[PDB]
Amino acid sequence: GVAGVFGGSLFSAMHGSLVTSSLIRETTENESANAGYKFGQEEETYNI
Amino acid sequence: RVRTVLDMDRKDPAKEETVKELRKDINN
Amino acid sequence: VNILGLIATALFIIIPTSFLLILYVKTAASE
Amino acid sequence: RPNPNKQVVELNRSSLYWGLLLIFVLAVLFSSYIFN
Amino acid sequence: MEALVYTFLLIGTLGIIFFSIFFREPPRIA
Amino acid sequence: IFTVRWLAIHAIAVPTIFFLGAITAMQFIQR
Amino acid sequence: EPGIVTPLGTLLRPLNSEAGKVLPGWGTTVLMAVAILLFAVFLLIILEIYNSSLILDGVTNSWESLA
Amino acid sequence: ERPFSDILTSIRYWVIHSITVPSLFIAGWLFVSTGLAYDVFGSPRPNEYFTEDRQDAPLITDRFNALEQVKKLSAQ
Amino acid sequence: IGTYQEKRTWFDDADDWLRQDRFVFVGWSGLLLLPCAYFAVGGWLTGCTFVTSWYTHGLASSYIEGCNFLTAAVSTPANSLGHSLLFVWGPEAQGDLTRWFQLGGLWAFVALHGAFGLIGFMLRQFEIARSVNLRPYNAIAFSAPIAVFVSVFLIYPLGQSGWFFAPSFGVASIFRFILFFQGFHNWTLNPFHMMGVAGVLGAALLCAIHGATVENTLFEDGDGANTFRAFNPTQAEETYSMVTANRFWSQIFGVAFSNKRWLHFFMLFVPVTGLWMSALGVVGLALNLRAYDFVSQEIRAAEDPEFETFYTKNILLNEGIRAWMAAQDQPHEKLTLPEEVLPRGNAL
Amino acid sequence: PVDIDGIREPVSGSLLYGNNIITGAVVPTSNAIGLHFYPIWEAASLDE
Amino acid sequence: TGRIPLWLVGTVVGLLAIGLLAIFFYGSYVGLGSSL
Amino acid sequence: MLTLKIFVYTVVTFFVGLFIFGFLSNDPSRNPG
Amino acid sequence: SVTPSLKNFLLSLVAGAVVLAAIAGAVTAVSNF
Amino acid sequence: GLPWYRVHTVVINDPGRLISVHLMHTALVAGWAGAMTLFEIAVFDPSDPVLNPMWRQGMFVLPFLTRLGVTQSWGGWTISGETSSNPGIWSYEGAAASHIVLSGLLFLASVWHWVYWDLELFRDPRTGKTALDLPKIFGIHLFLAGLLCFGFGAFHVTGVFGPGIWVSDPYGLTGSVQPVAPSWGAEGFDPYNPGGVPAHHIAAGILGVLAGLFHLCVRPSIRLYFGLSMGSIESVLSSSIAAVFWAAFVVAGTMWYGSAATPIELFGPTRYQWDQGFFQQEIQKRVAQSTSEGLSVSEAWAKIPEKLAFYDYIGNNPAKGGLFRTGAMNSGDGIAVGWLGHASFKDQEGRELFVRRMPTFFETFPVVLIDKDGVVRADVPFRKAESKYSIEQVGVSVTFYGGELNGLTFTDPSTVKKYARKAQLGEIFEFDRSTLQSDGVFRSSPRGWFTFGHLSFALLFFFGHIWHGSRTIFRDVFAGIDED
Ligand code: CLA
Ligand code: CLA
Ligand SMILES: C=Cc1c(C)c2cc3nc(c4c5[nH]c(cc6nc(cc1[nH]2)C(C)=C6CC)c(C)c5C(=O)[C@@H]4C(=O)OC)[C@@H](CCC(=O)OC/C=C(\C)CCC[C@H](C)CCC[C@H](C)CCCC(C)C)[C@@H]3C
Ligand SMILES: CCCCCCCCCCCCCCCC(=O)OC[C@H](COP(=O)(O)OC[C@@H](O)CO)OC(=O)CCCCCCCCCCCCCCC
Ligand SMILES: CC1=C(/C=C/C(C)=C/C=C/C(C)=C/C=C/C=C(C)/C=C/C=C(C)/C=C/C2=C(C)CCCC2(C)C)C(C)(C)CCC1
Ligand SMILES: CC1=C(/C=C/C(C)=C/C=C/C(C)=C/C=C/C=C(C)/C=C/C=C(C)/C=C/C2=C(C)CCCC2(C)C)C(C)(C)CCC1
Ligand SMILES: CC1=C(/C=C/C(C)=C/C=C/C(C)=C/C=C/C=C(C)/C=C/C=C(C)/C=C/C2=C(C)CCCC2(C)C)C(C)(C)CCC1
Ligand SMILES: [Fe+2]
């Protein structure tokens, strides 16, 4: 169980960081990058 | 004239971690 | 802590809440 | 003459809810210790 | 009086949860 | 061969086998 | 717009005038490395003395030094 | 770099390693059995934990001269 | 570089060699990571195999002594050595490698090499991210484990009387460290371990929920009952329906993500914040600024002999832990407590 | 307060009885009950 | 390099690993660390 | 206390009956597919 | 020098310089092949 | 549409408003210094320098003001306990007023440098765009810093022009602001040697000037210029954050372990003085020396200063405290009034018994009275049934030498148990707790609070180094990435 929660934290951080880093440039500076993604984008906004 | 042996034997009961005990401990 | 802790808790509740509400109202009025 | 670096801060409602929740949860957590 | 403060804080948290559930900003598709 | 991958494999293999032999020998000690 | 001209600004212009000027190659990076090396050794000596891993002849490293 | 499957399925790799992997294993077994491990890493043998006068666990209790203290506390 | 590349220098050759995409990327950070990490792990294995703690903690903590993987541990040195760095050439070991092992210098060796290995690994993450042109969010995330390691294995022992109270590198030794923290510092009651627990449990919750939701909102994209084959690494369309997931969690839970970037940033954010808060709490404990007691309840219990809460029972448990563990956990104290002074319940 | 251990030593767990959020709790059922089912209508009064 | 199929190598290595683990458990029940 | 018991029995029976007879009323055909 | 610990410290500096130069020379030799 | 956590980036590319905001932070810091000094002076009790010094009352800026030379006050009282004949303008109130007026002046200057942001000084003479020559700026400001460091080391602390710094005896009994002679030998690196502080601040300062003259004359090389991202202000921010958290770690370590710059007469004792019996050994050595002179025990203990005994008390240990045990040390434990004396415990046989002192780790510690040979002879048992080393069973009596109870012997078991429990904490003192309504739990001394605060800041600023430096190196991709 300890290995599971530590692995959950590790893999959550790892996956979130990888997806956030791979997030393709659809929004420039002067605003948050979250504006680049749209709820109906129906496409991968990150370079897997 | 201070008896160093008695000084150490007084500090040890109250506090065994005193630097008096640990200094030159292998000599004892 | 009868009063000093009470004042600390009240300020910690009030100041950030007022800041956030003011920012949200300004945002909603501007856009 | 006006400063070109002027920008406007924005705060959507989800951010407002997150901030209020953070403030009140921190108050809940630390109020027991503050009153001691 | 401490109980009053704790109850107020819990009520505030629950009210914030209620507003965030039933008065959320609609998720805008595209 | 003796490439970087060769060194990376053998830095964790030779000590590993030596220690496995050591631990196996330890398994048959009488106090 | 041209900006604001003030006596202090005119006085201090030369200090900020040559912005971006560099030297070809690595320049004085080798001397920088030597200085960094010596500083690391110096900090190591100081940490050793304070940690008592480096006993010195005239250094007591204790409150008795106040005497 | 050759794929691992090609190397691990190659007869040459196995004939090379079948005299070295057992050699390392036997080296480790000899290292433990011949008493070298105790000699170099200083872990006391099962009959060396307690001396004639020290019938309890040892205590370093000294910052400097700790070499002499641990030497006299260890098995002689 | 910018205006021109000038001439190729020996640094250029070294960079070109180190930056090659071989099986094991070394890079410039490798020169610090590989030796330090290799020596740290090898030192832990040698210590858990051959090195003992008979002279440091008066405990047998190696395989050759009869310990297993659970109970073997590279124990921290004796308390009388204080915060000595315990160099193998230092004034303690004075060059005797065997005695340096006996004095516990292997713990300092492993800890320092591991700290520099963690520095090298974050440097490796930065270097690799820069090579592939990605925002180095994973190095920023890995800052949290570095903070935990620094605050627990370095800051905390330095705040105490010596390395002796650091966590010894082992399983049962870590468990001893945990129980010691509960008994002495009342670490559970500390709001910073509370925030750390919340962060770690929330991170595990997010991992499980995101995995399940993605695996249960997949688009068909294939005719086989094995849904893993119906995916191409280079495809552009999302493999799962974000709209369906948002609707499902909105109607089940009340609120739901509507932004993939925000979702994954939240997944990154929760555990890092939890670990950083726990690290701040551990610093506070290093100074013994423990959130041990609520003085109001202690005063009320002292005045009122019938007022009892779970907090007071926890205080009694901590008292028992301290009294019954002090004698053997801290041999340097030489605590020969008679059995009549140890706190104890009834008929137990 | 609730006599959790069944030794007639009640434990206070509510805010009104001098507890904060950290120490407050809903005390488990009395040890005298054991695994017995204890609905409201089983007790003689709300106080019990 | 098709000789000595990879599945055979894997099976033999796994058998050796399981045997080593069993030897370790046996040593856990006898000799040093056996509580007798 | 008897009145409370009979009231709770009525409530529980009502809700459990709703559950049982709602999952029987052609539930598997209530999917979009 | 005066203190044995100082002599050991200086020898440690020399040894660390030796290993660092060994790493640098190794990377240079492999880079130039 | 800047998010709330990016608003203060508006001045990233505006040098004038950067000056303005940095002026505002400086003004706020100076105002805090002045206001904190005023509050501390208002709530400070200067009557009793012994048994009630600054570190007992929770003073935080008074230790630093006293350390650097400011000792007197306009109220007629001196921190050393004498009378203020002429405190001058550099009293505590003077320092507070000066920092306050400086805060106001910096506020006005911040307003001005904010309104007139578009100064031609910040324009690149060639291109006409706004730019800052960061290498030259660092050279200038480093030259200034080195000049000031040398000036402080050579004139201040040495007393050539300044007043000196706080120098004390090893046991913190007689300390005062004195000029310090520089230590140019190896002993200048003894952390507890005061003479290192001038010499260092001299030599280092000199180097700074020379270093300035280099980083002001010699332009950085192109490879180094692009490698270290010189020309981006955020690179400077990353490097500065790193340096500042390094310095925070150093100062936290040097205060927790104590040094010549953090005397115990201003911040209180360290926990390592209690752990190693720094004061207990000295007290017993003085007692033994007096006994060897032929004096009785009562006279030998009466010769012990009360301040030295007060240091030998676990309530003054900085590591006996709580995170939310707030306020002055007097708020937890009462205000010290006097020294009861030294308690000597003796069994009915006449064998002298010593009470085992509470280690710093233990919130509660059982009472054990130990023979000279480390053999437990008595205790306050937890199980009074079939006890073996009970006070009544062994017949322990306590005689007090010196202090308030001088030559007084108590034999009733209740009083002996009470005094043994008190003596497990160190020297026994009388405390007046009614004045401040002390609850009865130990607080932490100002050195503990300083170390905790600056260590937490050091960790957070390590994360700051990481974040702002990652933003520096990856500036091109931190606006987004173009896939691979
Ligand atoms: C002197 C050091 C320093 C300086 C000059 C800056 C400057 C900056 N930071 Mg940075 N940072 C620092 C240290 C510093 N930081 C440290 C130590 C950390 C680790 C905690 C961070 C972590 C950090 C993050 C994660 C981010 C920045 C960002 C930024 C930029 C925008 C800041 C902003 O507008 O937020 C606005 C601030 C507020 C709206 C108020 C927040 C209130 C806080 C939570 C509590 C109030 C503190 C209290 C009043 C003052 C006490 C602090 C003092 C005792 C130290 C800005 C140029 C942002 C950026 O990258 O720009 C794009 C951003 O994302 N910083
Ligand atoms: C690092 C800087 C620093 C340090 C080391 C100190 C240290 C000290 N201060 Mg001080 N102070 C500071 C900055 C600092 N202060 C600043 C910036 C101000 C201006 C506001 C003050 C104003 C001030 C006053 C008015 C007083 C002190 C006092 C004291 C002394 C009492 C001990 C104490 O702090 O109680 C305990 C400290 C704490 C419990 C703070 C814990 C920090 C927690 C973890 C923050 C978490 C907040 C949380 C996230 C939010 C939720 C809480 C919410 C429910 C309210 C002590 C030596 C007192 C004194 O001795 O009188 C002379 C006193 O009355 N200070
Ligand atoms: C016990 C918990 C725990 C472990 C064991 C662990 C382990 C690891 N995490 C890594 C990564 C990460 N961890 C991350 C977030 C987290 N990690 C967490 C918790 C853990 N993470 C948590 C809670 C989070 C959330 C914040 C991130 C974001 C990353 C990565 O990017 C990275 C990765 O790629 O993962 C796949 C790997 C890279 C480490 C490495 O090779 O360094 C180099 C080797 C070194 C430094 C030598 C180790 C020396 C150590 C420090 C001291 C000696 C330790 C002994 C050898 C072992 C003692 C064992 C006993 C105590 C039982 C490694 C497998
Ligand atoms: C039927 C069961 C009903 C009970 C469920 C209760 C639901 C709780 C929802 C509250 C969320 C509060 C945040 C609002 C803000 C909010 O939710 O905005 C909605 C947000 C989705 O927003 P977006 O995806 O548009 O976010 C992107 C934005 O940055 C702008 O694009 O969802 C989330 O952020 C994650 C969901 C919250 C994760 C769970 C929250 C856990 C907190 C629990 C608090 C415990 C208190 C205990 C009482 C003392
Ligand atoms: C300390 C020191 C050093 C170093 C050393 C080293 C680096 C070593 C290495 C070492 C090593 C590197 C070792 C290894 C080990 C390994 C092992 C010991 C193995 C383990 C494994 C196992 C036990 C298995 C398990 C299992 C089975 C049986 C079944 C299935 C599953 C699994 C696989 C899990 C030096 C020189 C610096 C000098 C000084 C001191
Ligand atoms: C997991 C896995 C693996 C594997 C591993 C291993 C190690 C295996 C083994 C296996 C095995 C190794 C198995 C075995 C089998 C056997 C059997 C199945 C037999 C049976 C028998 C019977 C049934 C009968 C008996 C009898 C009796 C009853 C009586 C008398 C007579 C006799 C004895 C005959 C691999 C790599 C592939 C990969 C994938 C995964
Ligand atoms: C305008 C002007 C003036 C002046 C006035 C005045 C009177 C000023 C003052 C002002 C002031 C009077 C200032 C002060 C400030 C303060 C500060 C700036 C502080 C703050 C605080 C903080 C920031 C803290 C935070 C925290 C807490 C609360 C809790 C724990 C943690 C911590 C510590 C972080 C004159 C006349 C010269 C004339 C000219 C103009
Ligand atoms: Fe994902």
# chains A, B, ... in the order shown; residues from 1 in each chain; ligands from 1
$ residues_around --residues "residue 3 in chain D" --least-positions-apart "4" --cutoff "9 Å" --atoms "only C-alpha atoms" --output "VMD selection string"
chain N and resid 14 117 to 118
$ interface_residues --of "chain I" --to "chain M" --cutoff "12 Å" --atoms "only C-alpha atoms" --output "ChimeraX atom specification"
/I:9-20,26-28,30-32,34-35,87-95
$ atom_distance --atom1 "atom 53 (C, counted along the ligand's line) of ligand 1" --atom2 "CA of residue 202 in chain I"
28.3 Å
$ closest_residue --among "C:15, C:25, C:8, C:20" --to "ligand 2" --atoms "only C-alpha atoms and all ligand atoms"
C:8
$ residues_around --residues "range 42-48 of chain G" --least-positions-apart "3" --cutoff "10 Å" --atoms "only C-alpha atoms" --output "number ranges by chain"
G: 36-39, 51-55; I: 84-85, 90; M: 6, 9-10, 13; N: 189-191
$ residues_near_ligand --ligand "ligand 4" --cutoff "7 Å" --atoms "only C-alpha atoms and all ligand atoms" --output "MDAnalysis selection string"
(chainID A and resid 34:35) or (chainID D and resid 12 14:15 17:18 21 25) or (chainID E and resid 10 13:14 17 20:21 27) or (chainID I and resid 252:259 262:263)
$ write_last_selection --atoms "C-alpha atoms" --output "CSV table (one decimal), in the first residue's frame"
chain,number,residue,atom,x,y,z
A,34,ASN,CA,-4.9,26.8,-20.6
A,35,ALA,CA,-6.7,29.1,-23.1
D,12,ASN,CA,-12.6,33.2,-13.8
D,14,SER,CA,-13.5,28.4,-11.2
D,15,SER,CA,-10.4,30.2,-9.9
D,17,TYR,CA,-14.0,28.9,-6.1
D,18,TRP,CA,-10.6,27.3,-5.9
D,21,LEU,CA,-11.9,26.7,-1.0
D,25,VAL,CA,-9.7,24.8,4.1
E,10,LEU,CA,-17.2,24.3,8.4
E,13,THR,CA,-16.6,25.4,3.4
E,14,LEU,CA,-19.8,23.5,2.8
E,17,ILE,CA,-18.8,23.4,-2.2
E,20,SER,CA,-19.1,25.4,-6.9
E,21,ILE,CA,-21.4,22.5,-7.7
E,27,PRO,CA,-18.1,24.1,-19.5
I,252,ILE,CA,-21.7,11.7,-10.6
I,253,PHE,CA,-19.5,14.0,-8.5
I,254,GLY,CA,-20.8,17.5,-9.2
I,255,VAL,CA,-17.7,19.0,-10.7
I,256,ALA,CA,-15.5,17.8,-13.4
I,257,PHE,CA,-12.5,18.9,-15.5
I,258,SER,CA,-13.1,20.6,-18.8
I,259,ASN,CA,-9.4,21.4,-19.7
I,262,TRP,CA,-5.4,22.1,-16.3
I,263,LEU,CA,-6.1,18.5,-15.5
$ closest_atom_pairs --of "chain I" --to "ligand 2" --cutoff "10 Å" --atoms "only C-alpha atoms and all ligand atoms" --output "JSON lines"
{"residue": "I:191", "atom": "CA", "partner": "ligand 2", "partner_atom_place_in_ligand_line": "44 (C)", "distance": 8.8}
{"residue": "I:192", "atom": "CA", "partner": "ligand 2", "partner_atom_place_in_ligand_line": "44 (C)", "distance": 8.5}
{"residue": "I:277", "atom": "CA", "partner": "ligand 2", "partner_atom_place_in_ligand_line": "49 (C)", "distance": 10.0}
{"residue": "I:280", "atom": "CA", "partner": "ligand 2", "partner_atom_place_in_ligand_line": "44 (C)", "distance": 8.8}
{"residue": "I:281", "atom": "CA", "partner": "ligand 2", "partner_atom_place_in_ligand_line": "44 (C)", "distance": 8.5}
{"residue": "I:284", "atom": "CA", "partner": "ligand 2", "partner_atom_place_in_ligand_line": "44 (C)", "distance": 8.9}
{"residue": "I:289", "atom": "CA", "partner": "ligand 2", "partner_atom_place_in_ligand_line": "39 (C)", "distance": 9.7}
{"residue": "I:291", "atom": "CA", "partner": "ligand 2", "partner_atom_place_in_ligand_line": "39 (C)", "distance": 9.9}
$ write_last_selection --atoms "N, CA, C and O atoms" --output "PDB file, in the first residue's frame"
ATOM      1  N   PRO I 191       0.288  19.885  11.366  1.00  0.00           N
ATOM      2  CA  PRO I 191      -0.504  20.183  10.164  1.00  0.00           C
ATOM      3  C   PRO I 191       0.267  20.038   8.871  1.00  0.00           C
ATOM      4  O   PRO I 191      -0.352  19.898   7.811  1.00  0.00           O
ATOM      5  N   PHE I 192       1.595  20.063   8.912  1.00  0.00           N
ATOM      6  CA  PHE I 192       2.354  19.929   7.678  1.00  0.00           C
ATOM      7  C   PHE I 192       2.424  18.482   7.197  1.00  0.00           C
ATOM      8  O   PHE I 192       2.320  18.233   5.992  1.00  0.00           O
ATOM      9  N   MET I 277       5.088  20.821   1.601  1.00  0.00           N
ATOM     10  CA  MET I 277       4.556  21.138   2.922  1.00  0.00           C
ATOM     11  C   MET I 277       5.097  20.182   3.977  1.00  0.00           C
ATOM     12  O   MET I 277       5.461  20.602   5.086  1.00  0.00           O
ATOM     13  N   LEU I 280       8.585  21.298   4.881  1.00  0.00           N
ATOM     14  CA  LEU I 280       8.601  22.420   5.818  1.00  0.00           C
ATOM     15  C   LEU I 280       8.310  21.950   7.238  1.00  0.00           C
ATOM     16  O   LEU I 280       8.959  22.390   8.201  1.00  0.00           O
ATOM     17  N   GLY I 281       7.341  21.050   7.389  1.00  0.00           N
ATOM     18  CA  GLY I 281       7.073  20.500   8.708  1.00  0.00           C
ATOM     19  C   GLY I 281       8.267  19.768   9.288  1.00  0.00           C
ATOM     20  O   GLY I 281       8.545  19.857  10.487  1.00  0.00           O
ATOM     21  N   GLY I 284      10.666  22.182  10.692  1.00  0.00           N
ATOM     22  CA  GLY I 284      10.204  22.587  12.009  1.00  0.00           C
ATOM     23  C   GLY I 284      10.527  21.559  13.077  1.00  0.00           C
ATOM     24  O   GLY I 284      10.913  21.908  14.192  1.00  0.00           O
ATOM     25  N   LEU I 289      10.479  22.320  16.850  1.00  0.00           N
ATOM     26  CA  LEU I 289       9.266  23.135  16.902  1.00  0.00           C
ATOM     27  C   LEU I 289       8.080  22.263  16.501  1.00  0.00           C
ATOM     28  O   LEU I 289       7.461  22.419  15.451  1.00  0.00           O
ATOM     29  N   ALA I 291       4.372  20.452  16.785  1.00  0.00           N
ATOM     30  CA  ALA I 291       2.986  20.709  17.168  1.00  0.00           C
ATOM     31  C   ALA I 291       2.505  19.602  18.105  1.00  0.00           C
ATOM     32  O   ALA I 291       1.614  18.814  17.794  1.00  0.00           O
TER      33      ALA I 291
END
$ residues_near_ligand --ligand "ligand 8" --cutoff "9 Å" --atoms "only C-alpha atoms and all ligand atoms" --output "count of residues only"
9
